[PDB]
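**Student:** Input file: upload_34.pdb. Contents: PDB, C-alpha atoms.
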```
ATOM      1  CA  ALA A   1     -61.223   6.097-225.087  1.00  0.00           C
ATOM      2  CA  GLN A   2     -58.517   6.214-222.426  1.00  0.00           C
ATOM      3  CA  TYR A   3     -56.420   3.529-224.075  1.00  0.00           C
ATOM      4  CA  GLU A   4     -56.203   4.170-227.829  1.00  0.00           C
ATOM      5  CA  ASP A   5     -54.617   2.134-230.561  1.00  0.00           C
ATOM      6  CA  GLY A   6     -51.743   4.243-231.848  1.00  0.00           C
ATOM      7  CA  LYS A   7     -51.362   5.922-228.450  1.00  0.00           C
ATOM      8  CA  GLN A   8     -50.190   3.636-225.605  1.00  0.00           C
ATOM      9  CA  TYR A   9     -49.920   0.745-227.992  1.00  0.00           C
ATOM     10  CA  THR A  10     -50.076  -0.127-231.658  1.00  0.00           C
ATOM     11  CA  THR A  11     -51.790  -3.096-233.223  1.00  0.00           C
ATOM     12  CA  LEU A  12     -49.906  -5.506-235.443  1.00  0.00           C
ATOM     13  CA  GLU A  13     -51.013  -5.500-239.089  1.00  0.00           C
ATOM     14  CA  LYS A  14     -49.984  -9.112-239.024  1.00  0.00           C
ATOM     15  CA  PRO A  15     -50.864 -10.729-235.705  1.00  0.00           C
ATOM     16  CA  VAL A  16     -48.714 -13.635-234.531  1.00  0.00           C
ATOM     17  CA  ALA A  17     -50.400 -16.922-233.620  1.00  0.00           C
ATOM     18  CA  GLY A  18     -49.239 -19.124-230.734  1.00  0.00           C
ATOM     19  CA  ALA A  19     -47.154 -16.244-229.395  1.00  0.00           C
ATOM     20  CA  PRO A  20     -45.991 -15.951-225.774  1.00  0.00           C
ATOM     21  CA  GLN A  21     -48.478 -14.019-223.615  1.00  0.00           C
ATOM     22  CA  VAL A  22     -46.044 -11.257-222.698  1.00  0.00           C
ATOM     23  CA  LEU A  23     -42.989 -11.120-224.977  1.00  0.00           C
ATOM     24  CA  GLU A  24     -40.201  -8.639-224.343  1.00  0.00           C
ATOM     25  CA  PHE A  25     -37.175  -7.980-226.632  1.00  0.00           C
ATOM     26  CA  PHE A  26     -33.939  -6.321-225.540  1.00  0.00           C
ATOM     27  CA  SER A  27     -30.252  -5.922-226.320  1.00  0.00           C
ATOM     28  CA  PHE A  28     -27.400  -5.564-223.860  1.00  0.00           C
ATOM     29  CA  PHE A  29     -26.158  -2.809-226.249  1.00  0.00           C
ATOM     30  CA  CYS A  30     -29.485  -0.939-225.986  1.00  0.00           C
ATOM     31  CA  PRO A  31     -29.397   2.209-223.773  1.00  0.00           C
ATOM     32  CA  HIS A  32     -33.144   2.338-223.017  1.00  0.00           C
ATOM     33  CA  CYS A  33     -32.956  -1.378-222.231  1.00  0.00           C
ATOM     34  CA  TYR A  34     -30.381  -0.656-219.568  1.00  0.00           C
ATOM     35  CA  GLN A  35     -32.713   1.939-218.062  1.00  0.00           C
ATOM     36  CA  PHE A  36     -35.642  -0.543-218.324  1.00  0.00           C
ATOM     37  CA  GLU A  37     -33.674  -3.114-216.350  1.00  0.00           C
ATOM     38  CA  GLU A  38     -31.741  -1.108-213.747  1.00  0.00           C
ATOM     39  CA  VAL A  39     -33.610   2.161-213.200  1.00  0.00           C
ATOM     40  CA  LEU A  40     -37.229   1.379-214.124  1.00  0.00           C
ATOM     41  CA  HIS A  41     -37.432  -2.382-213.464  1.00  0.00           C
ATOM     42  CA  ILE A  42     -40.120  -2.644-216.165  1.00  0.00           C
ATOM     43  CA  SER A  43     -40.308  -6.441-216.338  1.00  0.00           C
ATOM     44  CA  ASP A  44     -40.698  -6.704-212.612  1.00  0.00           C
ATOM     45  CA  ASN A  45     -43.420  -4.083-212.386  1.00  0.00           C
ATOM     46  CA  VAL A  46     -45.347  -5.557-215.282  1.00  0.00           C
ATOM     47  CA  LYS A  47     -45.224  -8.971-213.561  1.00  0.00           C
ATOM     48  CA  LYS A  48     -46.589  -7.501-210.311  1.00  0.00           C
ATOM     49  CA  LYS A  49     -49.663  -6.282-212.153  1.00  0.00           C
ATOM     50  CA  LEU A  50     -50.266  -9.375-214.270  1.00  0.00           C
ATOM     51  CA  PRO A  51     -52.807 -12.044-213.139  1.00  0.00           C
ATOM     52  CA  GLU A  52     -52.382 -15.644-212.111  1.00  0.00           C
ATOM     53  CA  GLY A  53     -50.949 -17.918-214.776  1.00  0.00           C
ATOM     54  CA  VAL A  54     -49.433 -15.363-217.111  1.00  0.00           C
ATOM     55  CA  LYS A  55     -45.941 -16.217-218.234  1.00  0.00           C
ATOM     56  CA  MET A  56     -43.448 -13.605-219.309  1.00  0.00           C
ATOM     57  CA  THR A  57     -40.820 -14.240-221.937  1.00  0.00           C
ATOM     58  CA  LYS A  58     -37.726 -12.136-222.596  1.00  0.00           C
ATOM     59  CA  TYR A  59     -35.463 -12.553-225.627  1.00  0.00           C
ATOM     60  CA  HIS A  60     -32.206 -11.035-226.789  1.00  0.00           C
ATOM     61  CA  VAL A  61     -31.702  -9.687-230.332  1.00  0.00           C
ATOM     62  CA  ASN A  62     -28.882  -9.732-232.907  1.00  0.00           C
ATOM     63  CA  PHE A  63     -29.277  -6.446-234.753  1.00  0.00           C
ATOM     64  CA  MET A  64     -27.164  -4.378-232.343  1.00  0.00           C
ATOM     65  CA  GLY A  65     -23.456  -4.750-231.734  1.00  0.00           C
ATOM     66  CA  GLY A  66     -22.496  -7.008-234.634  1.00  0.00           C
ATOM     67  CA  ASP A  67     -20.476 -10.079-233.729  1.00  0.00           C
ATOM     68  CA  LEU A  68     -20.714  -9.430-229.986  1.00  0.00           C
ATOM     69  CA  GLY A  69     -24.439  -8.900-230.388  1.00  0.00           C
ATOM     70  CA  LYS A  70     -24.795 -12.473-231.657  1.00  0.00           C
ATOM     71  CA  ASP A  71     -22.584 -13.841-228.880  1.00  0.00           C
ATOM     72  CA  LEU A  72     -24.865 -12.115-226.424  1.00  0.00           C
ATOM     73  CA  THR A  73     -27.955 -13.742-227.946  1.00  0.00           C
ATOM     74  CA  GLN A  74     -26.238 -17.103-227.511  1.00  0.00           C
ATOM     75  CA  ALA A  75     -25.184 -16.211-223.931  1.00  0.00           C
ATOM     76  CA  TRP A  76     -28.730 -15.211-223.131  1.00  0.00           C
ATOM     77  CA  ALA A  77     -29.839 -18.630-224.424  1.00  0.00           C
ATOM     78  CA  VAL A  78     -27.305 -20.095-221.969  1.00  0.00           C
ATOM     79  CA  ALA A  79     -28.747 -17.984-219.139  1.00  0.00           C
ATOM     80  CA  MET A  80     -32.269 -19.202-219.997  1.00  0.00           C
ATOM     81  CA  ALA A  81     -31.201 -22.847-220.223  1.00  0.00           C
ATOM     82  CA  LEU A  82     -29.439 -22.733-216.827  1.00  0.00           C
ATOM     83  CA  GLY A  83     -32.054 -20.458-215.326  1.00  0.00           C
ATOM     84  CA  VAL A  84     -29.535 -17.858-214.285  1.00  0.00           C
ATOM     85  CA  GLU A  85     -31.048 -14.783-215.931  1.00  0.00           C
ATOM     86  CA  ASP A  86     -31.347 -12.939-212.635  1.00  0.00           C
ATOM     87  CA  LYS A  87     -27.678 -13.449-211.928  1.00  0.00           C
ATOM     88  CA  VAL A  88     -26.136 -12.259-215.172  1.00  0.00           C
ATOM     89  CA  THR A  89     -28.444  -9.505-216.460  1.00  0.00           C
ATOM     90  CA  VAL A  90     -27.020  -6.678-214.423  1.00  0.00           C
ATOM     91  CA  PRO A  91     -23.324  -7.580-214.920  1.00  0.00           C
ATOM     92  CA  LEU A  92     -23.866  -8.074-218.651  1.00  0.00           C
ATOM     93  CA  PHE A  93     -25.519  -4.645-218.983  1.00  0.00           C
ATOM     94  CA  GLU A  94     -22.805  -2.965-216.918  1.00  0.00           C
ATOM     95  CA  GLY A  95     -19.994  -4.841-218.680  1.00  0.00           C
ATOM     96  CA  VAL A  96     -21.265  -3.709-222.060  1.00  0.00           C
ATOM     97  CA  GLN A  97     -22.490  -0.151-221.305  1.00  0.00           C
ATOM     98  CA  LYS A  98     -20.922   1.065-218.006  1.00  0.00           C
ATOM     99  CA  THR A  99     -17.444  -0.400-217.560  1.00  0.00           C
ATOM    100  CA  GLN A 100     -17.082  -1.552-221.168  1.00  0.00           C
ATOM    101  CA  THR A 101     -15.159  -4.582-220.029  1.00  0.00           C
ATOM    102  CA  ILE A 102     -17.092  -6.915-222.321  1.00  0.00           C
ATOM    103  CA  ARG A 103     -15.349  -7.083-225.695  1.00  0.00           C
ATOM    104  CA  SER A 104     -15.293 -10.780-226.533  1.00  0.00           C
ATOM    105  CA  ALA A 105     -17.096 -14.061-225.990  1.00  0.00           C
ATOM    106  CA  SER A 106     -14.495 -14.836-223.350  1.00  0.00           C
ATOM    107  CA  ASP A 107     -15.431 -11.640-221.509  1.00  0.00           C
ATOM    108  CA  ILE A 108     -19.098 -12.665-221.564  1.00  0.00           C
ATOM    109  CA  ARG A 109     -18.096 -16.050-220.161  1.00  0.00           C
ATOM    110  CA  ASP A 110     -16.191 -14.302-217.331  1.00  0.00           C
ATOM    111  CA  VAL A 111     -19.422 -12.673-216.163  1.00  0.00           C
ATOM    112  CA  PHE A 112     -21.016 -16.114-215.754  1.00  0.00           C
ATOM    113  CA  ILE A 113     -17.965 -17.531-213.919  1.00  0.00           C
ATOM    114  CA  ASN A 114     -17.957 -14.567-211.546  1.00  0.00           C
ATOM    115  CA  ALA A 115     -21.676 -15.176-211.026  1.00  0.00           C
ATOM    116  CA  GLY A 116     -20.913 -18.709-209.865  1.00  0.00           C
ATOM    117  CA  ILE A 117     -21.769 -20.733-212.950  1.00  0.00           C
ATOM    118  CA  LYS A 118     -19.064 -23.350-213.384  1.00  0.00           C
ATOM    119  CA  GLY A 119     -16.771 -23.364-216.411  1.00  0.00           C
ATOM    120  CA  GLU A 120     -17.586 -26.919-217.414  1.00  0.00           C
ATOM    121  CA  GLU A 121     -21.293 -26.120-217.015  1.00  0.00           C
ATOM    122  CA  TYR A 122     -21.170 -22.877-219.064  1.00  0.00           C
ATOM    123  CA  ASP A 123     -19.101 -24.304-221.928  1.00  0.00           C
ATOM    124  CA  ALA A 124     -21.225 -27.417-222.074  1.00  0.00           C
ATOM    125  CA  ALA A 125     -24.373 -25.269-222.316  1.00  0.00           C
ATOM    126  CA  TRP A 126     -22.739 -22.850-224.802  1.00  0.00           C
ATOM    127  CA  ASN A 127     -22.130 -25.727-227.207  1.00  0.00           C
ATOM    128  CA  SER A 128     -25.395 -27.597-226.574  1.00  0.00           C
ATOM    129  CA  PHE A 129     -28.143 -28.168-229.169  1.00  0.00           C
ATOM    130  CA  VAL A 130     -30.687 -27.149-226.529  1.00  0.00           C
ATOM    131  CA  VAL A 131     -29.038 -23.719-226.561  1.00  0.00           C
ATOM    132  CA  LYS A 132     -28.915 -23.777-230.389  1.00  0.00           C
ATOM    133  CA  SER A 133     -32.676 -24.313-230.442  1.00  0.00           C
ATOM    134  CA  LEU A 134     -33.094 -21.543-227.886  1.00  0.00           C
ATOM    135  CA  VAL A 135     -31.124 -19.128-230.087  1.00  0.00           C
ATOM    136  CA  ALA A 136     -33.368 -20.185-232.989  1.00  0.00           C
ATOM    137  CA  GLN A 137     -36.461 -19.414-230.888  1.00  0.00           C
ATOM    138  CA  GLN A 138     -35.213 -15.916-230.044  1.00  0.00           C
ATOM    139  CA  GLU A 139     -34.498 -15.252-233.691  1.00  0.00           C
ATOM    140  CA  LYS A 140     -37.853 -16.607-234.868  1.00  0.00           C
ATOM    141  CA  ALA A 141     -39.849 -14.596-232.335  1.00  0.00           C
ATOM    142  CA  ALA A 142     -38.173 -11.365-233.459  1.00  0.00           C
ATOM    143  CA  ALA A 143     -38.571 -12.304-237.130  1.00  0.00           C
ATOM    144  CA  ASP A 144     -42.264 -12.965-236.601  1.00  0.00           C
ATOM    145  CA  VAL A 145     -42.928  -9.362-235.526  1.00  0.00           C
ATOM    146  CA  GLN A 146     -40.627  -7.599-238.001  1.00  0.00           C
ATOM    147  CA  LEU A 147     -38.470  -6.247-235.205  1.00  0.00           C
ATOM    148  CA  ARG A 148     -36.118  -3.350-235.895  1.00  0.00           C
ATOM    149  CA  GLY A 149     -36.124  -1.712-232.487  1.00  0.00           C
ATOM    150  CA  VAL A 150     -35.673  -2.415-228.803  1.00  0.00           C
ATOM    151  CA  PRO A 151     -36.845  -2.300-226.072  1.00  0.00           C
ATOM    152  CA  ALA A 152     -40.055  -3.881-227.336  1.00  0.00           C
ATOM    153  CA  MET A 153     -42.944  -5.598-225.636  1.00  0.00           C
ATOM    154  CA  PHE A 154     -45.690  -7.516-227.425  1.00  0.00           C
ATOM    155  CA  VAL A 155     -48.868  -8.746-225.775  1.00  0.00           C
ATOM    156  CA  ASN A 156     -50.527 -11.923-227.129  1.00  0.00           C
ATOM    157  CA  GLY A 157     -48.807 -11.566-230.471  1.00  0.00           C
ATOM    158  CA  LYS A 158     -51.183  -8.720-231.320  1.00  0.00           C
ATOM    159  CA  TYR A 159     -50.310  -5.570-229.416  1.00  0.00           C
ATOM    160  CA  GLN A 160     -47.056  -3.688-229.184  1.00  0.00           C
ATOM    161  CA  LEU A 161     -46.343  -1.291-226.331  1.00  0.00           C
ATOM    162  CA  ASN A 162     -45.796   2.322-227.342  1.00  0.00           C
ATOM    163  CA  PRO A 163     -43.780   4.033-224.604  1.00  0.00           C
ATOM    164  CA  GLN A 164     -43.141   7.187-226.717  1.00  0.00           C
ATOM    165  CA  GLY A 165     -46.769   8.052-226.019  1.00  0.00           C
ATOM    166  CA  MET A 166     -46.622   7.917-222.211  1.00  0.00           C
ATOM    167  CA  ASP A 167     -45.340  10.661-219.824  1.00  0.00           C
ATOM    168  CA  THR A 168     -41.684  10.753-218.870  1.00  0.00           C
ATOM    169  CA  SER A 169     -41.550  13.602-216.335  1.00  0.00           C
ATOM    170  CA  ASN A 170     -41.966  11.132-213.504  1.00  0.00           C
ATOM    171  CA  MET A 171     -40.108   7.822-213.761  1.00  0.00           C
ATOM    172  CA  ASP A 172     -42.485   6.046-211.365  1.00  0.00           C
ATOM    173  CA  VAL A 173     -45.600   7.323-213.148  1.00  0.00           C
ATOM    174  CA  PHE A 174     -44.165   6.122-216.453  1.00  0.00           C
ATOM    175  CA  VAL A 175     -43.598   2.601-215.165  1.00  0.00           C
ATOM    176  CA  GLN A 176     -47.151   2.268-213.834  1.00  0.00           C
ATOM    177  CA  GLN A 177     -48.671   3.577-217.042  1.00  0.00           C
ATOM    178  CA  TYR A 178     -46.589   1.012-218.906  1.00  0.00           C
ATOM    179  CA  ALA A 179     -47.513  -1.818-216.526  1.00  0.00           C
ATOM    180  CA  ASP A 180     -51.200  -0.795-216.453  1.00  0.00           C
ATOM    181  CA  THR A 181     -51.219  -0.725-220.248  1.00  0.00           C
ATOM    182  CA  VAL A 182     -49.831  -4.246-220.398  1.00  0.00           C
ATOM    183  CA  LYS A 183     -52.557  -5.375-217.961  1.00  0.00           C
ATOM    184  CA  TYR A 184     -55.283  -3.712-220.059  1.00  0.00           C
ATOM    185  CA  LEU A 185     -53.959  -5.324-223.265  1.00  0.00           C
ATOM    186  CA  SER A 186     -53.709  -8.590-221.420  1.00  0.00           C
ATOM    187  CA  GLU A 187     -57.434  -8.472-220.528  1.00  0.00           C
ATOM    188  CA  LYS A 188     -58.367  -7.510-224.101  1.00  0.00           C
TER     189      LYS A 188
END
```
Now that the file is in, can you turn its structure into structure tokens?
**Tutor:**
Amino acid sequence: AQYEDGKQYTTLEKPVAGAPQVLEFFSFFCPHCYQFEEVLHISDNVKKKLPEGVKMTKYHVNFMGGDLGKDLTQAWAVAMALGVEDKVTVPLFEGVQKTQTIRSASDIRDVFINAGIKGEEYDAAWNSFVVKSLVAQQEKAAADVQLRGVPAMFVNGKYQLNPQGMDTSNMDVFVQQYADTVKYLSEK
């Protein structure tokens, strides 16, 4: 066939029930994740090819960057709670990987302040049980799929994207193959 298990995707030996429809995992420490966000705009192109009513979920992971990695997972929970993902994603990536000006929780917080989230509002969220539960959700989702690498995308808790088996000569062609594969898996 044109789409083949073990080629553009792999199938989970242990499918995950009640999973988000499109589930993406990333780390702000992850170099291909940076590319996926700033150069390729994967999430956005996948969305444009998904049907009506399909929600996309994106979670941060702990297993890169040690203590700061965990802070980032909590900060991402804050972004999700406040709905400010689209305002902090780029400066968090650049602060970690480009300028390397993010070295502490306080430096993460600065990114949010500069993005216009108020101090009182950020700290309140940071310490909230709603954010604690949101951290727990990110951890559980990654645990459920035995996750040891990012970037990762899972469709319906059964299929996992396999970008190593797509062409990389053309950046644009790669993105469409990726997005088209997600759509195919989605209709499966």
**Student:** Quick one: everything within 12 Å of residue 4 (chain A), counting all atoms listed in the file, minus sequence neighbours fewer than 6 positions away in the same chain. Send it as a ChimeraX atom specification.
**Tutor:** /A:10-11,159,161-162,165-166,181,184-185
**Student:** Taking into account only C-alpha atoms, which residue in the set A:2, A:133, A:8, A:35 is nearest to residue 97 (chain A)?
**Tutor:**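 Of A:2, A:133, A:8, A:35, the one nearest residue 97 (chain A), counting only C-alpha atoms, is A:35.
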**Student:** Exactly which residues make up the result of the PyMOL selection byres ((chain A and resi 149-157) around 6) on this file, given as a PDB file with C-alpha atoms, in the coordinates of the input?
**Tutor:**
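Output file part15.pdb is given in full below:
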```
ATOM      1  CA  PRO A  15     -50.864 -10.729-235.705  1.00  0.00           C
ATOM      2  CA  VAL A  16     -48.714 -13.635-234.531  1.00  0.00           C
ATOM      3  CA  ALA A  19     -47.154 -16.244-229.395  1.00  0.00           C
ATOM      4  CA  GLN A  21     -48.478 -14.019-223.615  1.00  0.00           C
ATOM      5  CA  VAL A  22     -46.044 -11.257-222.698  1.00  0.00           C
ATOM      6  CA  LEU A  23     -42.989 -11.120-224.977  1.00  0.00           C
ATOM      7  CA  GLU A  24     -40.201  -8.639-224.343  1.00  0.00           C
ATOM      8  CA  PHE A  25     -37.175  -7.980-226.632  1.00  0.00           C
ATOM      9  CA  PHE A  26     -33.939  -6.321-225.540  1.00  0.00           C
ATOM     10  CA  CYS A  33     -32.956  -1.378-222.231  1.00  0.00           C
ATOM     11  CA  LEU A 147     -38.470  -6.247-235.205  1.00  0.00           C
ATOM     12  CA  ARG A 148     -36.118  -3.350-235.895  1.00  0.00           C
ATOM     13  CA  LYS A 158     -51.183  -8.720-231.320  1.00  0.00           C
ATOM     14  CA  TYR A 159     -50.310  -5.570-229.416  1.00  0.00           C
ATOM     15  CA  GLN A 160     -47.056  -3.688-229.184  1.00  0.00           C
ATOM     16  CA  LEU A 161     -46.343  -1.291-226.331  1.00  0.00           C
TER      17      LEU A 161
END
```
**Student:** Which residues, written as a PyMOL selection string, have at least one atom at most 7 Å from region 78-94 of chain A, with all atoms listed in the file counted and residues fewer than 4 positions away on the same chain left out?
**Tutor:** chain A and resi 28+34+74+98-99+111-112+115+125-126+131
**Student:** With a distance cut-off of 9 Å and all atoms listed in the file, select the neighbouring residues of residue 47 (chain A), excluding the residue or stretch itself and same-chain residues fewer than 5 positions from it, and output the selection as a ChimeraX atom specification.
**Tutor:** /A:42,54-56,179
**Student:** With all atoms listed in the file as the basis for distance, which of A:177, A:101, A:164, A:128 is at the shortest distance from residue 32 (chain A)?
**Tutor:**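 Ranking A:177, A:101, A:164, A:128 by distance to residue 32 (chain A), first place goes to A:164.
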**Student:** Could you check which of A:138, A:130, A:71, A:171 is closest to residue 107 (chain A), using all atoms listed in the file?
**Tutor:**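 For residue 107 (chain A), the nearest of the given residues is A:71.
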**Student:** Find, counting all atoms listed in the file, the residue in A:141, A:50, A:40, A:12 that gets nearest to residue 170 (chain A).
**Tutor:**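 Distance minimum relative to residue 170 (chain A) lands on A:40.
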**Student:** Record the distance separating CA of residue 120 (chain A) and CA of residue 77 (chain A), expressed in Å with one decimal.
**Tutor:**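 Separation between CA of residue 120 (chain A) and CA of residue 77 (chain A): 16.4 Å.
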**Student:** Taking (-21.5, -15.6, -228.3) in the coordinates of the supplied file, I want to know which residues reach to within 9 Å of it, counting all atoms listed in the file; could you give the answer as a compact mmCIF listing (two decimals) with C-alpha atoms, in the frame of the given file?
**Tutor:**
```
# COMPACT_ATOMS: atom_id res chain seq x y z
CA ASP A 67 -20.48 -10.08 -233.73
CA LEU A 68 -20.71 -9.43 -229.99
CA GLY A 69 -24.44 -8.90 -230.39
CA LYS A 70 -24.80 -12.47 -231.66
CA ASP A 71 -22.58 -13.84 -228.88
CA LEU A 72 -24.86 -12.12 -226.42
CA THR A 73 -27.96 -13.74 -227.95
CA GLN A 74 -26.24 -17.10 -227.51
CA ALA A 75 -25.18 -16.21 -223.93
CA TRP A 76 -28.73 -15.21 -223.13
CA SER A 104 -15.29 -10.78 -226.53
CA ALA A 105 -17.10 -14.06 -225.99
CA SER A 106 -14.50 -14.84 -223.35
CA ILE A 108 -19.10 -12.66 -221.56
CA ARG A 109 -18.10 -16.05 -220.16
CA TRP A 126 -22.74 -22.85 -224.80
```
**Student:** What is the CA of residue 9 (chain A) to CA of residue 142 (chain A) distance in Å?
**Tutor:**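 Between CA of residue 9 (chain A) and CA of residue 142 (chain A) the gap works out to 17.7 Å.
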**Student:** Rounded to one decimal place, report the CA of residue 103 (chain A)-CA of residue 135 (chain A) distance in Å.
**Tutor:**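 Pair CA of residue 103 (chain A) / CA of residue 135 (chain A) returns 20.3 Å.
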**Student:** Pick from A:18, A:136, A:178, A:29: nearest to residue 100 (chain A), with all atoms listed in the file counted?
**Tutor:**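 For residue 100 (chain A), the nearest of the given residues is A:29.
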**Student:** Quick one: of A:140, A:175, A:124, A:186, who's nearest to residue 163 (chain A), counting all atoms listed in the file?
**Tutor:**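 Of A:140, A:175, A:124, A:186, the one nearest residue 163 (chain A) is A:175, counting all atoms listed in the file.
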